[PDB]
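Step one of this worksheet: look at the structure below.
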Amino acid sequence: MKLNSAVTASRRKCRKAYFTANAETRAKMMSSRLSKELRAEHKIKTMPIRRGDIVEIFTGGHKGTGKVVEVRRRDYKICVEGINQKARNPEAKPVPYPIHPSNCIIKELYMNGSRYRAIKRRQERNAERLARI
Amino acid sequence: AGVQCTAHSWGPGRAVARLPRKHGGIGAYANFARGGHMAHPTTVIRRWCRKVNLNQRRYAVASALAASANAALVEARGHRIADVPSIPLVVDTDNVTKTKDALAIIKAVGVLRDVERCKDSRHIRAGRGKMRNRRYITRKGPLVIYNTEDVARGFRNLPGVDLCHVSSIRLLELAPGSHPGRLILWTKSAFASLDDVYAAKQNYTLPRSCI
Amino acid sequence: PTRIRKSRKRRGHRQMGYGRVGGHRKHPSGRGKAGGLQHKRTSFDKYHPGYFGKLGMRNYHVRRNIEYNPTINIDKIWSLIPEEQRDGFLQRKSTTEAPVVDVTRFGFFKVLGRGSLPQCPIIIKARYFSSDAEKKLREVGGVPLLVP
Amino acid sequence: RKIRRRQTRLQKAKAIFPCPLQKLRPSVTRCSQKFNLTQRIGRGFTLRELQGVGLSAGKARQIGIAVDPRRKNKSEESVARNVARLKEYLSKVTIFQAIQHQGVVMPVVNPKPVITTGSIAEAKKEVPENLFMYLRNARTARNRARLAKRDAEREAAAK
RNA sequence: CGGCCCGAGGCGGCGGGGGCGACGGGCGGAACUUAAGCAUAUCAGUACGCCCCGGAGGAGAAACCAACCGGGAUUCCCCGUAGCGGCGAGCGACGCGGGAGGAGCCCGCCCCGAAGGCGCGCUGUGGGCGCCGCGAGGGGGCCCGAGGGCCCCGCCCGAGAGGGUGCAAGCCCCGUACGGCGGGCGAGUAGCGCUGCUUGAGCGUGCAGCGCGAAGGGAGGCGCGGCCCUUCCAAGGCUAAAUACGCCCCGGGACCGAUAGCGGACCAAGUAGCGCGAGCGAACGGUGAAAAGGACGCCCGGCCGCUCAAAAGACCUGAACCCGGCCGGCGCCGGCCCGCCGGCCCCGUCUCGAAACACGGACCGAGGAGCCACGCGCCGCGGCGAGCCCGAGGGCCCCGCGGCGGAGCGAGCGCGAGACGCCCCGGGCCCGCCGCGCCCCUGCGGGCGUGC
RNA sequence: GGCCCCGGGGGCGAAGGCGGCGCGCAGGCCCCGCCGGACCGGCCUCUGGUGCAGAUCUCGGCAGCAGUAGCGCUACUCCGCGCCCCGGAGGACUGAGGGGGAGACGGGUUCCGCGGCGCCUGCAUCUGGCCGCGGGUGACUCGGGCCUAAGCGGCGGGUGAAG
RNA sequence: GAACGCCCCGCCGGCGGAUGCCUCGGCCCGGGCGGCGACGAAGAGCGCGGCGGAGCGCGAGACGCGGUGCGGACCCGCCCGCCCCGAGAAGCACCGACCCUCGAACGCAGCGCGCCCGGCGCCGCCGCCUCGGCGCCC
Ligand SMILES: [K+]
Ligand SMILES: [K+]
Ligand SMILES: [K+]
Ligand SMILES: [K+]
Ligand SMILES: [K+]
Ligand SMILES: [K+]
Ligand SMILES: [K+]
Ligand SMILES: [K+]
Ligand SMILES: [K+]
Ligand SMILES: [K+]
Ligand SMILES: [K+]
Ligand SMILES: [K+]
Ligand SMILES: [K+]
Ligand SMILES: [K+]
Ligand SMILES: [K+]
Ligand SMILES: [K+]
Ligand SMILES: [K+]
Ligand SMILES: [K+]
Ligand SMILES: [K+]
Ligand SMILES: [K+]
Ligand SMILES: [K+]
Ligand SMILES: [K+]
Ligand SMILES: [K+]
Ligand SMILES: [K+]
Ligand SMILES: [K+]
Ligand SMILES: [K+]
Ligand SMILES: [K+]
Ligand SMILES: [K+]
Ligand SMILES: [K+]
Ligand SMILES: [K+]
Ligand SMILES: [K+]
Ligand SMILES: [K+]
Ligand SMILES: [K+]
Ligand SMILES: [K+]
Ligand SMILES: [K+]
Ligand SMILES: [K+]
Ligand SMILES: [K+]
Ligand SMILES: [K+]
Ligand SMILES: [K+]
Ligand SMILES: [K+]
Ligand SMILES: [K+]
Ligand SMILES: [K+]
Ligand SMILES: [Mg+2]
Ligand SMILES: [Mg+2]
Ligand SMILES: [Mg+2]
Ligand SMILES: [Mg+2]
Ligand SMILES: [Mg+2]
Ligand SMILES: [Mg+2]
Ligand SMILES: [Mg+2]
Ligand SMILES: [Mg+2]
Ligand SMILES: [Mg+2]
Ligand SMILES: [Mg+2]
Ligand SMILES: [Mg+2]
Ligand SMILES: [Mg+2]
Ligand SMILES: [Mg+2]
Ligand SMILES: [Mg+2]
Ligand SMILES: [Mg+2]
Ligand SMILES: [Mg+2]
Ligand SMILES: [Mg+2]
Ligand SMILES: [Mg+2]
Ligand SMILES: [Mg+2]
Ligand SMILES: [Mg+2]
Ligand SMILES: [Mg+2]
Ligand SMILES: [Mg+2]
Ligand SMILES: [Mg+2]
Ligand SMILES: [Mg+2]
Ligand SMILES: [Mg+2]
Ligand SMILES: [Mg+2]
Ligand SMILES: [Mg+2]
Ligand SMILES: [Mg+2]
Ligand SMILES: [Mg+2]
Ligand SMILES: [Mg+2]
Ligand SMILES: [Mg+2]
Ligand SMILES: [Mg+2]
């Protein structure tokens with residue numbers, strides 16, 4: 001049961017917030033679980049999906065694994081390499097079947113200066129909570 | 001609503017019915033016209049509340065508490081009490097903070113099947129009510145009544161469970177649906193202060209027992 | 001509750017108990033109380049004698065707490081004595097330790113005489129007495145008294 | 001609105017801790033024939049009441065007493081009842097882990113009446129033999145005197 | 001020729017003006033309507049027009065109320081009849097009592113005279129809540145286009161509020177529970193006379209014009225003159241709180257669900273469109289999980305067929321009225337298996353009387369009319385009972401005044417009920433009002449009687 | 001608001017739609033087949049904007065009538081692949097108060113060139129004031145700016161509760 | 001007779017948009033807040049994008065410019081551009097500027113003209129400069 005009275009529990013307002021969200025909120029809402037192997041190494045549970053990661057898909061009719069070529073933030077979907085619409089011609093181009101990030105599990109992460117730091121920032125706060133508890 | 005437009009009757013002599021019409025001839029301003037007002041609009045001055053005397057409010061709580069001391073009326077209200085030691089069920093707990101420990105007591109006594117009865121019943125309701133913030137329904141289980149011990153943190157999350165401090169007992173909790181016989185889990189200090197509570201009501205005597 | 005009302009039993013009846021010959025119109029007698037001396041005179045004389053006219057003196061501003069005047073009968077006097085003490089007083093019909101009852105403390109001014117008292121001396125202090133309240137009190141051995 | 005007012009007087013009480021939220025107000029008689037014999041809370045204390053204990057108006061306002069210089073005492077009992085009320089409060093006051101007093105300070109309480117005893121013989125010498133005639137002579141005294149004068153001038157004119 | 005007085009033009013610094021569908025203050029000010037007609041009255045000191053502020057405003061520290069064994073500035077809440085009136089219809093305050101809140105002061109006059117804010121002033125200055133962030137825990141088997149489904153075994157819970165995700169998810173993802181930062185006392189006056197408006201204010205509630213014009217004065221719900229008593233000090237000024245409210249932001253709901261709900265759910269509504277103008281003012285929501293939004297071939301738009309679970313193909317479902325192709329047959333009720341026999345005027349309505357040459361109605365769909373608030377009477381049921389009671393307010397629980405009932409009658413001074421009775425009805429007697437024998441004390445007062 | 005005995009029915013197919021049996025004096029209810037593709041209830045207590053054939057009812061759709069009633073300004077024809085467009089030849093009309101050539105007012109891009117026929121051009125169209133894409137109006141001397149007409153504003157102030 | 005019309009013994013098509021389910025919208029109650037303007041408001045006009053009509057936004061510095069923080073891979077089409085332990089796309093909050101014509105609307109007018117080489121409206125308060133009077137005096 002909720003206790004905070006500045007937070008809506010109204011379906012109409014909650015649905016309006018899923019749409020019409022700004023771009024920084026939409027990125028966070030497109031997260032996925034890290035694999036067990038990365039959970040031990042990084043000590044984090046989920047991560048926001050990104051162009052350049054490798055994902056293992058389940059629960060769908062397009063199961064498989066591949067790299068993230070595109071992010072359709074308006075749709076909350078991601079295009080993976082190798083997961084296409086079944087095509088008509090033998091020659092014609094591939095057409096990506098778009099996957100929802102929560103149907104995925106990340107197997108390897110794209111790394112740069114900002115992604116190392118935001119992980120380390122998130123571990124130190126999760127250790128504040130583990131000291132309070 | 002319905003009266004922001006401008007409309008007047010055309011009168012007889014033009015082969016049309018006599019209701020008010022907008023410029024152009026469109027029907028307006030009647031309950032039988034598209035876009036018109038209601039015949040008698042709803043108003044907030046409806047009397048929403050009702051009065052009850054203080055004597056009759058105390059009778060209802062006492063009669064609803066007496067129903068809770070029968071194992072045949074609790075059963076016929078809907079609960080599962082076939083594995084319970086006593087239906088006037090008093091239990092010594094004295095402090096409960098983890099839900100895991102509080103689940104262990106309710107099992108350790110025999111009210112485990114009533115909370116699973118409630119847990120496995122959650123569903124989406126049948127009508128328009130699921131657009132109006134009333135989307136799910138669960139059945140109602142035990143009521144824990146406490147006096148001086150922290151139990152609310154460990155009991156509250158359980159499906160179909162409610163919490164009452166003994167000094168202020170609620171009739172809408174004792175008779176869900178307007179049916180009297182709820183199953184009640186008394187803490188020891190709650191059950192042993194019932195008479196003190198009824199002694200704290202000034203110039204009140206309980207009603208006379210009958211056959 | 002709308003669902004137990006007489007008016008919902010008339011769906012399908014063309015006219016909801018108001019008749020075909022007469023019907024339901026706006027105000028076939030006028031509004032309010034009008035007509036009491038002309039076409040409702042048979043009603044006003046049968047049930048409201050003394051509705052029309054004037055009677056008596058008028059006071060441009062009445063003092064509500066001057067004209068206030070509470071009263072008590074002598075048959076209610078012994079109930080002002082608490083029950084724990086009444087038995088003993090009756091037991092010893094004393095002339096030299098009689099009970100004193102001051103009725104203004106209980107909020108009465110005048111003492112009237114309906115009823116009767118027990119055979120027991122008692123003293124009653126008030127602001128005014130009726131003539132047979134005094135007579136029945138002296139019949140018992142009691143005394144009346146005036147108080148500030 | 002009930003929650004708003006309770007919140008306003010919780011904040012005000014911290015800002016004056018440990019002063020109470022109320023001033024000490026006097027005990028006065030409810031005003032009419034219908035309500036005398038019982039007391040209630042008044043507006044302020046008089047300067048004659050304040051002269052009794054030894055406080056000036058500015059001095060008593062400082063330690064929590066309300067002072068109403070517009071009121072005048074109507075009797076000697078009005079003074080003794082309120083001087084005793086002033087004297088008592090000065091005992092239970094400390095001037096600088098301290099206790100803030102709730103509600104009205106020294107509430108006014110009106111006693112339920114009691115029965116008393118006496119002697120029949122010492123109460124008779126208080127009253128005449130016919131009390132009802134005694135009352136009826138006083139009630140009609142002005143009216144009888146007017147009719148008495150009217151008759152007396154019916155004969156001076158009629159020689 | 002300088003000073004003072006009364007004016008003129010210019011220059012510098014500073015201030016004003018306009019704006020708002022509420023709440024607030026000041027003015028001007030209707031008619032419809034009701035009275036079963038209509039003039040006074042009512043609607044209403046309302047609509048609407050003009051002016052002026054603020055975050056509140058206005059009001060305010062007695063020329064007050066009262067008649068007490070008295071209260072004590074203003075505002076707001078609970079509570080209840082004096083009176084006004086073609087005395088008709090209607091209209092209508094307030095004190096006492098219970099609570100919220102509580103706060104008190106100044107100038108003029110008088111004393112000192114520039115001690116002051118010093119180009120001025122002696123025609124008088126100065127003193128007396130919002131910003132951050134972490135955030136637990138589910139697998140295996142059947143099946144489907146797709147598992148949030150079914151079967152069987154578990155974990156988290158200070159978190160089973162909820163939203164998303166290809167079909168009902170605590171454990172797939174965001175959140176939810178548990179916490180850190182900033183924090184000596186007023187004059188063209190008061191009053192009075194005449195006149196107009198206003199009020200419950202009644203030989204004047206409040207205001208105003210004009211004429212007159214005080215010294216101790218004002219008030220005490222019926223006028224005038226006299227004597228007392230009780231209680232206040234007008235004609236100058238400031239002041240927090242408790243109270244009211246749209247736009248806009250935030251939360252909630254036994255509310256509406258696309259002819260409903262705002263006129264306005266639709267990338268472009270006060271929009272398109274109409275009127276010289278003031279102004280008037282619509283209609284239109286929905287493919288699919290994914291645009292995968294339609295292959296290859298054959299004839300010269302069609303065919304075949306491709307994507308997809310499915311064309312769902314310009315889109316969900318897709319009723320009625322009405323219509324086209326193939327197949328069968330030639331109004332309601334009743335009997336018989338079946339085209340014969342028997343019965344049958346057009347409904348709704350007003351009306352003594354309708355099939356009427358009395359009126360409404362081509363057809364079909366959706367919408368479409370005794371609900372709510374307050375007051376009065378009677379009946380039923382619940383609780384308690386000479387008592388009863390969730391006022392307002394204060395701490396679905398606890399505490400909580402009036403009020404109504406308990407005694408009536410009388411214009412009023414006022415006086416004031418026991419004697420009977422299962423119940424009901426009647427009789428008799430007692431209380432008040434109107435009359436009258438008789439006796440007496442404290443006396444046009446008491447007692448005891450008689451009568452409508 | 002409750003219950004629906006291991007916790008009510010549902011993609012192994014909900015609500016709705018179309019036909020067909022049964023049950024009830026009746027209002028109505030229940031089942032089956034086909035369609036449809038995501039939600040729905042039986043019993044107890046509570047609540048109301050709660051039931052249509054009619055109102056010259058309101059809004060929307062739409063039939064017969066019915067391939068019906070109907071389509072001033074003298075006029076076109078031959079050939080060019082040929083349309084009422086374009087060309088050539090013929091025949092006529094407006095008839096200098098013009099069906100001619102130009103301005104004022106009003107309209108506002110209708111002007112021009114190239115393309116085109118989905119809408120419009122009440123028949124047709126290859127035409128066009130229609131649709132798409134590009135373009136287009138040059139002043140010392142012409143008009144407006146200036147002057148005053150009939151008028152209309154302003155004016156220390158005056159008046160009115162104000163405007 | 002056939003056909004037309006009518007009924008339906010059934011199987012398919014049209015026209016129309018009811019019913020059912022769905023909802024970034026309304027409505028009701030409560031809580032906050034009470035924050036405009038000559039330092040040019042509210043409102044109106046015109047203009048501004050690489051390909052640009054409407055609406056939102058902005059003002060010739062125009063579909064935005066700067067500064068401090070935060071954030072960390074995108075930017076709906078076609079292009080551009082960014083990409084990295086900082087090199088920095090989307091997004092967010094505060095702060096500093098730019099700010100065409102009309103409007104209380106301010107040189108006159110409303111689109112045309114002046115006086116003067118800074119500029120150039122009305123009212124009021126306080127000061128100051130320069131002055132008038134057969135007002136009272138000298
Ligand atoms: K209107
Ligand atoms: K009509
Ligand atoms: K009509
Ligand atoms: K009660
Ligand atoms: K209760
Ligand atoms: K009737
Ligand atoms: K009749
Ligand atoms: K009438
Ligand atoms: K009438
Ligand atoms: K009458
Ligand atoms: K009279
Ligand atoms: K008026
Ligand atoms: K009127
Ligand atoms: K009239
Ligand atoms: K009238
Ligand atoms: K009148
Ligand atoms: K009137
Ligand atoms: K009348
Ligand atoms: K108080
Ligand atoms: K998922
Ligand atoms: K004077
Ligand atoms: K005067
Ligand atoms: K009046
Ligand atoms: K009168
Ligand atoms: K005069
Ligand atoms: K008097
Ligand atoms: K008066
Ligand atoms: K008077
Ligand atoms: K509409
Ligand atoms: K009729
Ligand atoms: K008729
Ligand atoms: K007739
Ligand atoms: K008929
Ligand atoms: K006929
Ligand atoms: K006929
Ligand atoms: K008729
Ligand atoms: K006729
Ligand atoms: K007819
Ligand atoms: K009388
Ligand atoms: K025809
Ligand atoms: K062309
Ligand atoms: K004036
Ligand atoms: Mg009409
Ligand atoms: Mg409507
Ligand atoms: Mg339904
Ligand atoms: Mg009938
Ligand atoms: Mg009918
Ligand atoms: Mg009638
Ligand atoms: Mg009649
Ligand atoms: Mg009728
Ligand atoms: Mg100036
Ligand atoms: Mg009206
Ligand atoms: Mg009338
Ligand atoms: Mg009438
Ligand atoms: Mg009339
Ligand atoms: Mg009035
Ligand atoms: Mg103020
Ligand atoms: Mg009047
Ligand atoms: Mg003031
Ligand atoms: Mg609508
Ligand atoms: Mg369809
Ligand atoms: Mg008639
Ligand atoms: Mg007729
Ligand atoms: Mg007709
Ligand atoms: Mg309908
Ligand atoms: Mg409803
Ligand atoms: Mg209705
Ligand atoms: Mg119909
Ligand atoms: Mg000719
Ligand atoms: Mg052209
Ligand atoms: Mg044509
Ligand atoms: Mg020229
Ligand atoms: Mg634009
Ligand atoms: Mg200008």
Side-chain angles (χ1 to χ4, degrees), chain A residues 1-3 5 8-9 14-16 18-20 22-24 28-29 31-33 46 50-51 60-61 74 85 88-89 95 97-98 100 102-103 112-114 116 125-126 128-129 132, chain B residues 1 4 6 15-17 23 27 31-34 38-40 42-46 51-56 78 80 99 116-117 120-121 123-124 126 153 157 159 167-168 170-172 176-179, chain C residues 1-2 7 11 16 30-35 54-57 59-62 65 112 114 130 148, chain D residues 28-29 31-33 35-36 43 68 70-71 74-75 128 130 132-134 136-137 140 143-144 147:
Chain A
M1 186 57 227
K2 197 195 51 173
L3 264 41
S5 308
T8 37
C14 288
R15 274 175 58 81
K16 185 170 170 71
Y18 180 69
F19 314 103
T20 79
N22 69 32
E24 190 171 359
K28 192 41 169 46
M29 294 194 297
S31 296
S32 67
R33 185 170 288 179
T46 65
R50 190 212 196 274
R51 170 168 51 87
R74 288 170 180 271
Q85 296 275 34
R88 295 179 181 256
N89 295 12
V95 213
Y97 179 78
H100 189 266
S102 66
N103 296 324
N112 67 344
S114 287
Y116 274 112
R125 285 158 191 172
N126 205 36
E128 284 169 3
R129 166 187 183 84
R132 197 191 72 244
Chain B
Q4 300 177 78
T6 306
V16 292
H23 183 274
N31 51 295
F32 56 84
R34 171 193 190 269
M38 291 171 61
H40 336 100
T42 48
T43 300
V44 295
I45 71 171
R46 190 196 305 260
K51 287 165 278 166
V52 187
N53 281 351
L54 176 67
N55 258 330
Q56 278 156 290
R80 308 270 176 272
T99 305
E116 282 148 326
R117 176 206 148 234
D120 265 11
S121 77
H123 65 263
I124 324 226
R153 268 171 50 187
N157 214 45
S167 63
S168 48
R170 302 197 289 287
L171 185 79
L172 267 40
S178 188
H179 308 329
Chain C
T2 54
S7 58
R11 280 287 194 237
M16 302 246 306
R31 299 218 196 198
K33 271 188 278 122
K54 276 183 199 180
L55 176 75
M57 296 182 277
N59 180 2
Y60 296 143
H61 180 77
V62 164
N65 291 12
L112 310 179
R114 118 143 84 75
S130 75
Chain D
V28 296
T29 298
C31 47
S32 96
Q33 181 68 50
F35 293 109
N36 66 350
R43 186 200 168 75
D68 177 22
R70 171 174 49 241
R71 172 156 86 84
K74 309 295 185 272
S75 62
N130 206 345
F132 181 73
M133 190 167 67
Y134 180 84
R136 289 284 306 151
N137 294 333
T140 47
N143 274 32
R144 288 188 287 101
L147 300 159

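Chain naming here is simple, since letters A, B, ... match the order of the sequence lines and numbering starts at 1 in each. The basis for the numbers below is simple: all heavy atoms, side chains too, and nothing from hydrogens, waters or symmetry mates.
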Using heavy atoms to find the nearest nucleotide of RNA chain F for B/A126 and B/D120 separately, return the residue whose nucleotide is more 5′.
B/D120
Nearest-nucleotide wise, let me know which of B/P176 and C/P1 is further upstream toward the 5' end of RNA chain F.
B/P176
Across the strands shown, which category fits [X] at heavy-atom distances under 4.0 angstrom: base, sugar-phosphate, nothing?
{"X": "B/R153", "answer": "base"}
{"X": "D/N137", "answer": "base"}
{"X": "D/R43", "answer": "base"}
{"X": "D/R144", "answer": "sugar-phosphate"}
{"X": "B/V16", "answer": "base"}
{"X": "A/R15", "answer": "sugar-phosphate"}

Is any N or O donor-acceptor pair between the side chain of [X] and the base of [N] shorter than 3.5 Å?
{"X": "B/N157", "N": "E/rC157", "value": "yes"}
{"X": "C/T2", "N": "F/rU47", "value": "no"}
{"X": "A/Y97", "N": "E/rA289", "value": "yes"}
{"X": "A/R88", "N": "E/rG294", "value": "no"}
{"X": "A/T8", "N": "E/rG162", "value": "no"}
{"X": "A/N103", "N": "E/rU165", "value": "no"}
{"X": "D/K74", "N": "E/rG72", "value": "yes"}

Determine, using purine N1 to pyrimidine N3 plus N6-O4 or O6-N4 for Watson-Crick, or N1-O2 and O6-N3 for G-U wobble, whether E/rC153 and E/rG138 pair with both distances under 3.5 Å.
yes
Pair present between G/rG112 and G/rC108, Watson-Crick or G-U, 3.5 Å cut-off
yes
Name the pairs: protein N/O against N/O of nucleotides 176-180 of chain E, kept only if under 3.5 Å.
{"residue": "E/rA177", "atom": "OP1", "partner": "A/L3", "partner atom": "N", "Å": "3.0"}
{"residue": "E/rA177", "atom": "OP1", "partner": "A/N4", "partner atom": "N", "Å": "2.9"}
{"residue": "E/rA177", "atom": "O2'", "partner": "B/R156", "partner atom": "NH2", "Å": "3.4"}
{"residue": "E/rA177", "atom": "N1", "partner": "A/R129", "partner atom": "NH2", "Å": "3.3"}
{"residue": "E/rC178", "atom": "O2", "partner": "A/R132", "partner atom": "NH2", "Å": "2.4"}
{"residue": "E/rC178", "atom": "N3", "partner": "A/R129", "partner atom": "NH1", "Å": "3.2"}

When both distances are under 3.5 Å in a Watson-Crick or G-U wobble arrangement, the nucleotide paired with E/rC6 is G/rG132
Under the criterion of centre distance below 5.5 Å and interplanar angle below 30°, is [X] classified as stacked on the base of [N]?
{"X": "B/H40", "N": "E/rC371", "answer": "yes"}
{"X": "D/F132", "N": "E/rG446", "answer": "no"}
{"X": "A/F19", "N": "G/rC24", "answer": "yes"}

Of C/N59 and D/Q33, the one whose closest RNA chain E nucleotide lies more 5':
D/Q33
What does the B/S/- profile of nucleotides 400-406 of chain E look like, 5' to 3', with a 4.0 Å heavy-atom cutoff to protein?
---S--B
Base contacts versus sugar-phosphate-only contacts with protein, heavy atoms under 4.0 Å: please encode nucleotides 259-268 of chain E as B, S and - from 5' to 3'.
BS-SB-----
Just read off the sign of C1'-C2'-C3'-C4' for E/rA187 and name the pucker, north if positive, south if negative.
south
Given the 90°-from-0 boundary between syn and anti, E/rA235 should be labelled anti
